[PDB]
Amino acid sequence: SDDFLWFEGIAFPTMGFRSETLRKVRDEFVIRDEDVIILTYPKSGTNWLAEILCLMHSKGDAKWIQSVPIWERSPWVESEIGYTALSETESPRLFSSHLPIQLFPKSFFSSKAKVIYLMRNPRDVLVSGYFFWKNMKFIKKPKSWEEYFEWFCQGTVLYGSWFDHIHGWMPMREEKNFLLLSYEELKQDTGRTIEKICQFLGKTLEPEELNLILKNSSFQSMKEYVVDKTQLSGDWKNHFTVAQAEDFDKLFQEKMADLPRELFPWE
């Protein structure tokens, strides 16, 4: 048991993903200009973003969003289920992806499809991944926190290096059809962030529609195969030892050096 789908240098969940499909996503999937895409390193806040975009679509009514699953309202192009859905779906399409740039649909780079890339403090991302993946069946889990930590810094985890994932997509931060958001600005000022998404997508909204959306898309609202049915806590500081923080800092600085430090809002 290796416990993961090794594809083109990137690890993938054993289930729901086939090598062949991955090869198609890159070589054949067709991106439409009308498409709206959510790009995120896993555990960076995809659902919140996704949920916000659905609220903007329904103009506040959270009933469909409440009935339909995440994977249905915004499928993962790279997955079996999703790749299928997206293909036979009427434009305009809303989907998500955790794929690094070198494996993203080739048709995309020739299109005018709008992409919203959401990044988050990697430390939180690491914490969030640990407690998520170690609660998933049929997935190589870590012997301990110490081990997973090591994995993450090495990029050996599902979807590869965070640093890599970030470096690849950053050269697009200034394209007109590319909106770079931070999970921190999303949680700190959901309205300003919704405002940005609104201009970027070119969607206008009546005052009362914005209020409902702002209402139904708050951190309070948001808060609402499994190894332990029970879990179905804090902040990264509640998990990194002081030594891991210093080592992590040193690592973050060494790998993100070639980038404007001011891109990453977190201290």
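In this text, residue numbers run from 1 along the sequence as written.
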task: Answer with none, 1 to 3, 4 to 9, or 10 or more: how many deposited residues between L232 and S233 are not present in the coordinates.
output: 4 to 9
Residues with no coordinates between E224 and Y225, taken from the deposited sequence as a class: 10 or more
statement: Once average C-alpha B-factors are taken from the entry for 94 to 102 and 67 to 75, the winner is 67 to 75
message: When the Cα temperature factors in the entry are averaged, is it 36 to 44 or 201 to 209 that ends up higher?
response: 201 to 209
task: Just grab whichever of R120, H167, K137, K196 has the top CA B-factor as deposited.
output: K137
- prompt: Whose CA atom has the top B-factor in the entry, of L181, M172, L86, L158?
  reply: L86
statement: So, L49's CA B-factor, relative to its chain, sits in which third? The lowest
- prompt: Taking the entry's C-alpha B-factors for this chain, is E80 in the lowest, middle or highest third?
  reply: highest
task: Ordered by C-alpha B-factor within the chain, which third holds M15? Give me lowest, middle or highest, please.
output: highest
- line: Of the three thirds of Cα B-factor ranks in this chain, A62 occupies the highest
message: Using only modelled residues of the chain, where does the Cα B factor of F29 rank: lowest third, middle third or highest third?
response: middle
